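Trainee: Below are the structure tokens for one structure; questions will follow.
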Amino acid sequence: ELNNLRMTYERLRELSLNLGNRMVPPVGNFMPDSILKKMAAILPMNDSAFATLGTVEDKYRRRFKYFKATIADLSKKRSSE
């Protein structure tokens, strides 16, 4: 029951608040709860794959670049844990 997806969703929550407060001015909502969920389950490591997220705003696609380092890691660890 070591749901890596849960670790992903949580890592995203921690990262969203981390980078979000590191932005000036603060974002507040670095990544919406919905996007954090689908991205944590699908774990898209590419823009061409991001299309499977269903609906991500273009503005969401931008700051997405700040999550690539974590998404890539969890997408890789998905087949490990």
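Identifiers for the structure tokens are assigned positionally: chains receive A, B, ... in sequence, residues are indexed from 1 per chain, and ligands are indexed from 1 in the order shown.
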When DSSP is applied to the backbone of this structure, which of chain A are assigned alpha helix (DSSP H)? Write them out as a PyMOL selection string.

Mentor: chain A and resi 4-21+33-42+47-50+58-63+68-77

Trainee: Find the residue from A:2, A:71, A:31, A:7 that sits nearest to residue 50 (chain A); use only C-alpha atoms when measuring.

Mentor: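 The shortest atom-to-atom distance to residue 50 (chain A) comes from A:71.
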
Trainee: Compile the contact shell of region 55-57 of chain A as a ChimeraX atom specification: residues with an atom at most 10 Å away, counting only C-alpha atoms, same-chain residues fewer than 5 positions apart removed.

Mentor: /A:32,34-35,38-39,50,62,64

Trainee: Hey, can you spit out that residue selection with N, CA, C and O atoms as a PDB file, in the first residue's frame?

Mentor:
ATOM      1  N   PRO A  32      -3.250  23.982  -9.172  1.00  0.00           N
ATOM      2  CA  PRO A  32      -4.574  23.626  -8.664  1.00  0.00           C
ATOM      3  C   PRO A  32      -4.641  22.174  -8.198  1.00  0.00           C
ATOM      4  O   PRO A  32      -3.963  21.297  -8.753  1.00  0.00           O
ATOM      5  N   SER A  34      -6.793  19.951  -8.641  1.00  0.00           N
ATOM      6  CA  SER A  34      -7.181  19.055  -9.720  1.00  0.00           C
ATOM      7  C   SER A  34      -5.981  18.663 -10.576  1.00  0.00           C
ATOM      8  O   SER A  34      -5.780  17.484 -10.869  1.00  0.00           O
ATOM      9  N   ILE A  35      -5.179  19.648 -10.971  1.00  0.00           N
ATOM     10  CA  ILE A  35      -4.005  19.390 -11.793  1.00  0.00           C
ATOM     11  C   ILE A  35      -2.987  18.547 -11.032  1.00  0.00           C
ATOM     12  O   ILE A  35      -2.367  17.649 -11.602  1.00  0.00           O
ATOM     13  N   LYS A  38      -4.283  14.755 -11.309  1.00  0.00           N
ATOM     14  CA  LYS A  38      -4.094  14.095 -12.599  1.00  0.00           C
ATOM     15  C   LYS A  38      -2.619  13.977 -12.956  1.00  0.00           C
ATOM     16  O   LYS A  38      -2.177  12.949 -13.468  1.00  0.00           O
ATOM     17  N   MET A  39      -1.859  15.026 -12.691  1.00  0.00           N
ATOM     18  CA  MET A  39      -0.442  15.014 -13.008  1.00  0.00           C
ATOM     19  C   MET A  39       0.298  14.004 -12.143  1.00  0.00           C
ATOM     20  O   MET A  39       1.292  13.423 -12.575  1.00  0.00           O
ATOM     21  N   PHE A  50       1.590  15.681 -21.788  1.00  0.00           N
ATOM     22  CA  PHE A  50       0.748  16.573 -20.979  1.00  0.00           C
ATOM     23  C   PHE A  50      -0.690  16.632 -21.489  1.00  0.00           C
ATOM     24  O   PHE A  50      -1.613  16.903 -20.730  1.00  0.00           O
ATOM     25  N   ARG A  62       2.720  26.956 -18.460  1.00  0.00           N
ATOM     26  CA  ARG A  62       3.915  27.778 -18.259  1.00  0.00           C
ATOM     27  C   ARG A  62       4.657  27.398 -16.983  1.00  0.00           C
ATOM     28  O   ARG A  62       5.778  26.896 -17.038  1.00  0.00           O
ATOM     29  N   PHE A  64       4.369  25.101 -15.275  1.00  0.00           N
ATOM     30  CA  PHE A  64       4.528  23.645 -15.269  1.00  0.00           C
ATOM     31  C   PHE A  64       6.017  23.277 -15.256  1.00  0.00           C
ATOM     32  O   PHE A  64       6.424  22.287 -14.646  1.00  0.00           O
TER      33      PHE A  64
END

Trainee: Can you list, as a PyMOL selection string, every protein, DNA or RNA residue that comes within 7 Å of residue 4 (chain A) when you count only C-alpha atoms, leaving out same-chain residues fewer than 3 positions away?

Mentor: chain A and resi 7-8+78+81

Trainee: Restricting it to C-alpha atoms, dump the selection as an mmCIF file, in the first residue's frame.

Mentor:
data_model
loop_
_atom_site.group_PDB
_atom_site.id
_atom_site.type_symbol
_atom_site.label_atom_id
_atom_site.label_comp_id
_atom_site.auth_asym_id
_atom_site.auth_seq_id
_atom_site.Cartn_x
_atom_site.Cartn_y
_atom_site.Cartn_z
ATOM 1 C CA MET A 7 3.826 10.492 -2.360
ATOM 2 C CA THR A 8 3.620 12.220 -5.728
ATOM 3 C CA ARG A 78 6.698 4.937 -10.480
ATOM 4 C CA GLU A 81 8.246 1.810 -5.828
#
